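Enquirer: Quick one: structure below, then a few questions.
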Amino acid sequence: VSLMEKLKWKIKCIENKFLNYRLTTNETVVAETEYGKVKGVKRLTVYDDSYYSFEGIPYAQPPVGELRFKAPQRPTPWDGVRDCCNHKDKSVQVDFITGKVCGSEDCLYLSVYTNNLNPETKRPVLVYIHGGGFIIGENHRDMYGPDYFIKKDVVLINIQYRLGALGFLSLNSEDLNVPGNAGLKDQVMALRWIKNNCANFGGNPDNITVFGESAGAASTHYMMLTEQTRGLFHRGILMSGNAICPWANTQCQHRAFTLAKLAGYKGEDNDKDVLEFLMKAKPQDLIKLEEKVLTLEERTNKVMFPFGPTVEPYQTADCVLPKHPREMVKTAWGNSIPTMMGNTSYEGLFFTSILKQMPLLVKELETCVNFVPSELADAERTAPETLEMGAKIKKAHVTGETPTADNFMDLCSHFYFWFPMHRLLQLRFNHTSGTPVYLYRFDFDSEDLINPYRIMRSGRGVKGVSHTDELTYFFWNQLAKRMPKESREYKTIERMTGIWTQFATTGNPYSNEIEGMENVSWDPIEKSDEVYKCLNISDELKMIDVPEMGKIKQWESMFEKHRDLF
């Protein structure tokens, strides 16, 4: 990230600290939790609203020393008042602006926000799980400020969970108790805390909605798949992702050795010796070197991250993913709660930054073999069957004689998001009680209000609605500003937060109390539907046939001779 964006960010960080001070009040409040009393504070928003804020609430033992790489343990109770008027540090990660490691192993906290601590009726509980490829992210308000949501009468909760290798190291040897998915198991224990405590904040424990974007969407889906959380919550929203996206799980059991080797480990490839080296390493050294773990074969085959959600190699008491995600959908409790899913109108427009450093990647569309689903393609991607599937991809996205960067980013829309969504829906249909699933398409483009991901994806002055562009209308961030109530951006804040709160409350996302939904008839998808219908959210709200349907079906046709893998 450029020196100019670095210094720009530095100044916004400085601005954000002073804004956060100014927007704080002297009204502190104390709430009960099952672990002891916590002290929160009332804060202001730039829209002259206010909300009670509880940050740094621990839901697990700090996973340090011997707890590193391990499943989370319940925190220790305290008898006194815990200061929750400030945020805790984020999970150890690389800062995308600076490039320096930041954060701490002491990161297992959640934050609770609400405009009214003593509501006259128990409120819908919204639980946000942040994305960031399972390697970056936080519940800090400079990125995920509850300021828009607290206009509605909900309780909103933003969690943290371990990222990178510290969250997702996985070892085969059953003796060492590092099966994997520690970060997902963090998410689980946070859920159980939210179940048992949200009532003290005015939250209705029988009406909880979990939702997330990108890796947070995959996470939300995982929380809907695992037996560990059955009945814990009641609605789910999958924003630009799910557990069967190709980036959302990986078999990384061999990659511990690689990371240890990268960090200075001298010895042999056996899990015990590797674990002991890793257990004593500085956390920043491990996270700094994660970028280098993947081989060139892996990157070629589109393996996006070294460490992530995995099929655990043996079953433990806290095990989250005992089989592959596709298998878990077939027995998922979450299949039977009201679900909302969706994507932006140009998801893959995100990859512009990466394309600029790697122009050659556009030539990959000449045969498209590298985008054939791994489970179908051969090792070298050279088999005649592979070129054939590859060709069905190429017919779907390459518009002319020679492939373009836009062709590429369009493909990525489907490779990373739409096709996995399509497979999940169809698979889900074969194993569900018949609870409704609604589809949305976020198609609102503005450069007047943004979020920090635009900095990352080099999205300055780039038209179209990229992956992460919708976050701007759900959460405050330090790049935001007060928008006029009549502006198109503010209207979309109301619409987005309104629909989400509508869906959280009823399990049905429609309301005629939302501006622009007068002529909207928003039907759930049926298994009988050959074409998906979705609410397309732009300046106007319009029900349409999913425009990506035709390419979606083309992708499916790759499984013609392999329907059981679909």
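Every chain in the structure tokens has a letter given in the order shown (A, B, ...), and although residue numbers restart at 1 in each chain, ligands are simply numbered from 1 in the order shown.
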If you run DSSP on the backbone, which residues of region 82-207 of chain A are strand (DSSP E or B), as JSON, numbers by chain?

Expert: {"A": [82, 83, 91, 93, 94, 101, 102, 104, 109, 110, 111, 112, 113, 114, 123, 124, 125, 126, 127, 128, 129, 145, 155, 156, 157, 158, 159, 203, 204, 205, 206, 207]}

Enquirer: May I have the residues from that selection written out with C-alpha atoms, as a CSV table (one decimal), in the first residue's frame?

Expert:
chain,number,residue,atom,x,y,z
A,82,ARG,CA,-14.8,-5.2,35.1
A,83,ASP,CA,-13.9,-2.1,33.1
A,91,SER,CA,-6.0,-11.0,17.0
A,93,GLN,CA,-2.3,-10.2,12.1
A,94,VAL,CA,-0.6,-8.2,9.4
A,101,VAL,CA,2.4,-7.1,12.5
A,102,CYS,CA,-0.1,-5.9,15.1
A,104,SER,CA,-2.1,-9.8,20.5
A,109,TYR,CA,-13.4,-10.6,23.4
A,110,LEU,CA,-16.9,-9.4,22.2
A,111,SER,CA,-18.6,-6.1,22.3
A,112,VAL,CA,-22.2,-5.3,23.1
A,113,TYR,CA,-24.1,-2.2,21.9
A,114,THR,CA,-27.7,-0.9,22.4
A,123,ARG,CA,-35.0,-7.1,21.7
A,124,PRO,CA,-33.7,-9.0,18.6
A,125,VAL,CA,-30.0,-9.9,19.0
A,126,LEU,CA,-27.7,-9.4,16.1
A,127,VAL,CA,-24.3,-11.0,16.2
A,128,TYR,CA,-21.7,-9.8,13.6
A,129,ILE,CA,-18.8,-12.1,12.6
A,145,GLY,CA,-19.0,1.0,14.5
A,155,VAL,CA,-28.9,-5.4,20.5
A,156,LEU,CA,-25.8,-5.6,18.3
A,157,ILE,CA,-22.7,-7.7,19.2
A,158,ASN,CA,-19.4,-7.9,17.4
A,159,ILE,CA,-17.0,-10.7,18.2
A,203,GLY,CA,-31.6,-9.0,24.3
A,204,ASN,CA,-34.1,-11.7,23.6
A,205,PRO,CA,-32.2,-15.1,23.8
A,206,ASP,CA,-35.0,-16.7,21.7
A,207,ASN,CA,-34.4,-14.4,18.8

Enquirer: Out of region 8-182 of chain A, which residues get alpha helix (DSSP H) from DSSP, as a ChimeraX atom specification?

Expert: /A:8-22,141-144,164-168,182

Enquirer: My list of candidates is A:485, A:130, A:324, A:302. Which is closest to residue 251 (chain A) when distances are computed with only C-alpha atoms?

Expert: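 Nearest candidate to residue 251 (chain A) out of A:485, A:130, A:324, A:302: A:324.
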
Enquirer: Skipping near chain neighbours, those fewer than 5 positions away, what residues fall within 7 Å of residue 74 (chain A) using only C-alpha atoms, listed as a VMD selection string?

Expert: chain A and resid 59 to 61

Enquirer: Which polymer residues have any atom within 8 Å of an atom of residue 449 (chain A), counting only C-alpha atoms, with same-chain residues fewer than 4 positions away left out, as a list in words?

Expert: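 My list of contacting residues is residues 472, 479, 480, 481 and 489 of chain A.
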
Enquirer: At a cut-off of 10 Å, using only C-alpha atoms, what residues contact residue 2 (chain A)? Leave out same-chain residues fewer than 3 positions from it and give the result as number ranges by chain.

Expert: A: 5-8, 97-98, 455, 458

Enquirer: Kindly save the residues from that selection, with N, CA and C atoms included, as an mmCIF file, in the first residue's frame.

Expert:
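What ended up in selection.cif:
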data_model
loop_
_atom_site.group_PDB
_atom_site.id
_atom_site.type_symbol
_atom_site.label_atom_id
_atom_site.label_comp_id
_atom_site.auth_asym_id
_atom_site.auth_seq_id
_atom_site.Cartn_x
_atom_site.Cartn_y
_atom_site.Cartn_z
ATOM 1 N N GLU A 5 -1.202 6.568 0.916
ATOM 2 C CA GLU A 5 -2.335 5.982 1.637
ATOM 3 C C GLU A 5 -1.930 5.655 3.081
ATOM 4 N N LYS A 6 -0.661 5.290 3.268
ATOM 5 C CA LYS A 6 -0.103 5.107 4.603
ATOM 6 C C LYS A 6 -0.267 6.361 5.472
ATOM 7 N N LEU A 7 0.225 7.504 4.996
ATOM 8 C CA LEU A 7 0.156 8.766 5.739
ATOM 9 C C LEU A 7 -1.283 9.252 5.863
ATOM 10 N N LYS A 8 -2.098 8.950 4.856
ATOM 11 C CA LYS A 8 -3.507 9.331 4.904
ATOM 12 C C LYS A 8 -4.182 8.557 6.026
ATOM 13 N N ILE A 97 -2.496 -1.811 5.690
ATOM 14 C CA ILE A 97 -1.988 -0.488 5.337
ATOM 15 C C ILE A 97 -0.480 -0.405 5.537
ATOM 16 N N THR A 98 -0.043 -0.679 6.762
ATOM 17 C CA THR A 98 1.357 -0.525 7.139
ATOM 18 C C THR A 98 2.225 -1.698 6.709
ATOM 19 N N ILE A 455 -9.296 0.914 0.102
ATOM 20 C CA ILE A 455 -7.859 1.188 0.124
ATOM 21 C C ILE A 455 -7.055 -0.041 -0.258
ATOM 22 N N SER A 458 -7.346 -1.234 -3.923
ATOM 23 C CA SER A 458 -6.994 -0.139 -4.825
ATOM 24 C C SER A 458 -8.232 0.364 -5.566
#

Enquirer: Which residue out of A:218, A:279, A:92, A:525 has the minimum interatomic distance to residue 240 (chain A) when only C-alpha atoms are used?

Expert: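 Going through A:218, A:279, A:92, A:525 one by one, the smallest distance to residue 240 (chain A) is for A:218.
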
Enquirer: Quick one, how far is CA of residue 432 (chain A) from CA of residue 243 (chain A)?

Expert: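 Result for CA of residue 432 (chain A) versus CA of residue 243 (chain A): 17.0 Å, one decimal.
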
Enquirer: Compile the contact shell of residue 120 (chain A) as a list in words: residues with an atom at most 12 Å away, counting only C-alpha atoms, same-chain residues fewer than 2 positions apart removed.

Expert: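 Counting only C-alpha atoms, the residues come to residues 116, 117, 118, 122, 123, 153, 201, 202, 203 and 204 of chain A.
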
Enquirer: Put those residues in a file: N, CA and C atoms, as a PDB file, in the first residue's frame.

Expert:
ATOM      1  N   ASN A 116     -30.748   1.299  24.301  1.00  0.00           N
ATOM      2  CA  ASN A 116     -31.567   1.256  25.502  1.00  0.00           C
ATOM      3  C   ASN A 116     -31.282   0.002  26.325  1.00  0.00           C
ATOM      4  N   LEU A 117     -30.647   0.204  27.469  1.00  0.00           N
ATOM      5  CA  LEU A 117     -30.273  -0.885  28.357  1.00  0.00           C
ATOM      6  C   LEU A 117     -31.464  -1.499  29.048  1.00  0.00           C
ATOM      7  N   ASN A 118     -32.497  -0.690  29.235  1.00  0.00           N
ATOM      8  CA  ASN A 118     -33.697  -1.167  29.888  1.00  0.00           C
ATOM      9  C   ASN A 118     -34.917  -1.056  28.984  1.00  0.00           C
ATOM     10  N   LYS A 122     -37.986  -7.327  25.293  1.00  0.00           N
ATOM     11  CA  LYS A 122     -36.701  -7.947  24.954  1.00  0.00           C
ATOM     12  C   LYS A 122     -36.461  -7.891  23.459  1.00  0.00           C
ATOM     13  N   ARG A 123     -35.254  -7.499  23.069  1.00  0.00           N
ATOM     14  CA  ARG A 123     -34.968  -7.096  21.697  1.00  0.00           C
ATOM     15  C   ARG A 123     -34.295  -8.175  20.861  1.00  0.00           C
ATOM     16  N   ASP A 153     -34.062  -0.640  17.207  1.00  0.00           N
ATOM     17  CA  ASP A 153     -34.156  -1.095  18.587  1.00  0.00           C
ATOM     18  C   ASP A 153     -33.690  -2.539  18.683  1.00  0.00           C
ATOM     19  N   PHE A 201     -28.759  -7.424  28.741  1.00  0.00           N
ATOM     20  CA  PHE A 201     -28.536  -6.193  27.985  1.00  0.00           C
ATOM     21  C   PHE A 201     -29.811  -5.818  27.248  1.00  0.00           C
ATOM     22  N   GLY A 202     -30.872  -6.564  27.535  1.00  0.00           N
ATOM     23  CA  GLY A 202     -32.165  -6.298  26.947  1.00  0.00           C
ATOM     24  C   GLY A 202     -32.435  -7.206  25.767  1.00  0.00           C
ATOM     25  N   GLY A 203     -31.515  -8.127  25.504  1.00  0.00           N
ATOM     26  CA  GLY A 203     -31.625  -9.004  24.350  1.00  0.00           C
ATOM     27  C   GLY A 203     -32.500 -10.216  24.582  1.00  0.00           C
ATOM     28  N   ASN A 204     -33.285 -10.555  23.565  1.00  0.00           N
ATOM     29  CA  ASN A 204     -34.117 -11.744  23.578  1.00  0.00           C
ATOM     30  C   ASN A 204     -33.308 -12.966  23.155  1.00  0.00           C
TER      31      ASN A 204
END

Enquirer: For each of A:483, A:294, A:377, A:84, take the minimum atom-to-atom distance to residue 36 (chain A), counting only C-alpha atoms, then give the residue where this is smallest.

Expert: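 Comparing A:483, A:294, A:377, A:84 against residue 36 (chain A), the winner is A:84.
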
Enquirer: Leaving out residue 259 (chain A) and any residue of its chain fewer than 6 positions from it, which residues lie within 9 Å of it when counting only C-alpha atoms, given as a PyMOL selection string?

Expert: chain A and resi 165+265+278+286+289-290+292-293

Enquirer: What is the CA of residue 470 (chain A)-CA of residue 414 (chain A) distance in Å, reported with one decimal?

Expert: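 Here the two named atoms are 18.1 Å from each other.
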
Enquirer: Using only C-alpha atoms, which residue out of A:220, A:331, A:115, A:407 lies closest to residue 368 (chain A)?

Expert: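 Counting only C-alpha atoms, the residue closest to residue 368 (chain A) is A:407.
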
Enquirer: So how far away is CA of residue 168 (chain A) from CA of residue 90 (chain A), in Å?

Expert: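 Taking CA of residue 90 (chain A) and CA of residue 168 (chain A), their separation equals 16.0 Å.
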
Enquirer: Between A:213, A:66, A:55, A:539, which has the minimum distance to residue 493 (chain A) (counting only C-alpha atoms)?

Expert: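 Nearest to residue 493 (chain A): A:539.
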
Enquirer: Between A:248, A:154, A:254, A:396, which one has atoms that come closest to residue 556 (chain A), using only C-alpha atoms?

Expert: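 Once distances to residue 556 (chain A) are computed over only C-alpha atoms, the minimum belongs to A:396.
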